[PDB]
Ligand SMILES: COc1ccc(-c2c(C)nc3c(N)cc(Cl)nn23)cc1OC
């Protein structure tokens, strides 16, 4: 990057950029020393990009990043966990500060994933659930301990697992399972000590709490996760990064677009944990259960046409649908079906299963392509092709596309970096980044962008 950054900014994304892109002899180390000057929480986002740069890139870059992580690994234990896991997952084809530091955690995770790997023999989901709880009952024996769910945005200890409420999501061999976990918040996980056991919609929080020994605690907080033992979440993690970025961007420029990136934890190349969305539901399931048109569902659940509940509902619907049309466009998300889109109790829609994105396309699939489509049933919810909020939809898409163009470097950066030494389908040659850049359309005028958006909408409906 041409040295010549002397014309100062200076920004964390851009610093990463100078670290990745720069061929100058002195700058890699410089940035390496400038990372310390940054808000730790800001740096922790690009973490998977640092290690993948650490792993697959030059010794200059390696030795450049190297001191920062050690500074932090000493500083934060969860950070260390992350560094380890990601060091294991992202290299293919290429009582703390003691060695027992992470052992309880390692064994916790190992347990959960083993449990998940044991379900294969049992064909049908119900059997799997029963066996699951039967095996899952055993952890509270060893609990509490020094253990935490990195998913949580707070330091904590896992003191209990309400085993009875565990469920299994599907009948496959690699089929995931959802669990609920009772934890108690600390101020600092490193300083604070381990509490002591007590052996005796989402209101599940309640009915668990009142049914829990540690329930009475003011610290007490419930968490939930999805343990996928046979699945590779690295791609999906990339999706998480991108989504989070676009969220930040759209927040900055004050565009109403609503998307909810859900957290991702990559434990291994075949393993990982996801943080579930609450109160949202499959939208296929709505069609099945309700036996109602999506609109009619909106009219059943929230109010009627003039009811503020309805208006808010479909407004959030529109904004959401828009944000995700844009996301799906840029990121070239595929494999969209009702199974992949949820609907929250507030009336948003939430996409999942990001496994197929960018250059990654599903097999089979003769002559039908699996992509975001605006169903008639959707428009019916919004309005109609001529409808008061449809123009709002399109306008929103336009605005978001603009702001995206503005911040494009930040978004492309993540991907471009994570392309290094990857075995993943999403990366195909230099095609991926190219097509992405061209997907931002920096050469277009907002009128041509309005046109484009007209083409995108028209192209969705068919
Ligand atoms: C198969 O793998 C997955 C299974 C479930 C979810 C997920 C999340 C993060 N939130 C929800 C939710 N609220 C409902 C359902 Cl059914 N799934 N789900 C995401 C997955 O990643 C692809």
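Virtual Cβ from ideal backbone geometry, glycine too; neighbours counted across all protein chains shown. Nothing in this text is a laboratory measurement; each read-out follows from the coordinates by a stated rule.
Taking the options 244, 263, 204, name whichever one is touching a strand residue (DSSP E or B) at 6+ places or on another chain (Cβ under 8 Å), under 25 Å from residue 89 (Cα atoms) and surrounded by fewer than 20 Cβ atoms within 10 Å (Cβ to Cβ).
On inspection, the qualifying residue turns out to be 263.
For region 127-144, which residues satisfy the criterion of being surrounded by fewer than 16 Cβ atoms within 10 Å (Cβ to Cβ) and in a loop (DSSP other than H, G, I, E, B)?
137, 138 - these are the residues of region 127-144 that are surrounded by fewer than 16 Cβ atoms within 10 Å (Cβ to Cβ) and in a loop (DSSP other than H, G, I, E, B).
Looking only at residues that are assigned to a loop (DSSP other than H, G, I, E, B) and surrounded by 18 or more Cβ atoms within 10 Å (Cβ to Cβ) in region 207-229, which one is farthest from the ligand (Cβ to nearest atom)?
By that ranking, first place goes to 212.
Only one of these conditions is not met by residue 134: (1) within 19 Å of residue 224 (Cα to Cα); (2) within 15 Å of the ligand (Cβ to nearest atom). Which number is it?
(2)
Collect the residues in region 348-361 that are within 14 Å of the ligand (Cβ to nearest atom), closer than 23 Å to residue 422 by Cβ and part of a loop (DSSP other than H, G, I, E, B), keeping them in residue-number order.
The answer is 352, 353, 354, 355, 356, 357, 360.
Could you please find all residues in region 174-188 being more than 13 Å from the ligand (Cβ to nearest atom) and either within 21 Å of residue 216 (Cα to Cα) or buried (at least 20 other Cβ atoms within 10 Å of the Cβ) (or both)?
Once the filter is applied, which keeps residues that are more than 13 Å from the ligand (Cβ to nearest atom) and either within 21 Å of residue 216 (Cα to Cα) or buried (at least 20 other Cβ atoms within 10 Å of the Cβ) (or both), region 174-188 yields 180, 181, 182, 183, 184, 185, 186, 187.
Of the residues that sit in region 20-37 and are within 9 Å of residue 1 (Cα to Cα) and more than 29 Å from the chain's Cα centre (by Cα), which one is surrounded by the fewest Cβ atoms within 10 Å (Cβ to Cβ)?
Once the filter is applied, the top-ranked residue is 23.
Yes or no, residue by residue, for (1) farther than 19 Å from residue 152 by Cα; (2) out of contact with any helix residue (DSSP H, G or I) (no Cβ under 8 Å at 6 or more places or on another chain); (3) surrounded by fewer than 18 Cβ atoms within 10 Å (Cβ to Cβ):
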{"position": "59", "(1), (2), (3)": "yes, yes, yes"}
{"position": "67", "(1), (2), (3)": "yes, no, yes"}
{"position": "71", "(1), (2), (3)": "yes, no, yes"}
{"position": "84", "(1), (2), (3)": "no, yes, yes"}
{"position": "98", "(1), (2), (3)": "yes, yes, yes"}
{"position": "114", "(1), (2), (3)": "yes, yes, yes"}
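State yes or no: is residue 301 away from the ligand (no atom under 16 Å from the Cβ) and surrounded by fewer than 16 Cβ atoms within 10 Å (Cβ to Cβ)?
Against the criterion (away from the ligand (no atom under 16 Å from the Cβ) and surrounded by fewer than 16 Cβ atoms within 10 Å (Cβ to Cβ)), residue 301 does not qualify.
One residue is enough: does region 424-441 have a residue meeting the conditions farther than 30 Å from residue 231 by Cα, away from the ligand (no atom under 16 Å from the Cβ) and outside any loop (DSSP other than H, G, I, E, B)?
Looking through region 424-441, at least one residue is farther than 30 Å from residue 231 by Cα, away from the ligand (no atom under 16 Å from the Cβ) and outside any loop (DSSP other than H, G, I, E, B).
So which residues in region 266-298 are away from the ligand (no atom under 14 Å from the Cβ), surrounded by fewer than 15 Cβ atoms within 10 Å (Cβ to Cβ) and not in a loop (DSSP other than H, G, I, E, B)?
290, 296, listed by residue number.
If you take the residues of region 321-347 that are more than 26 Å from residue 406 (Cα to Cα) and part of a loop (DSSP other than H, G, I, E, B), which of them is nearest to the ligand (Cβ to nearest atom)?
Selected residue: 344.
Does residue 365 satisfy being farther than 23 Å from residue 289 by Cα and within 16 Å of the ligand (Cβ to nearest atom)?
no
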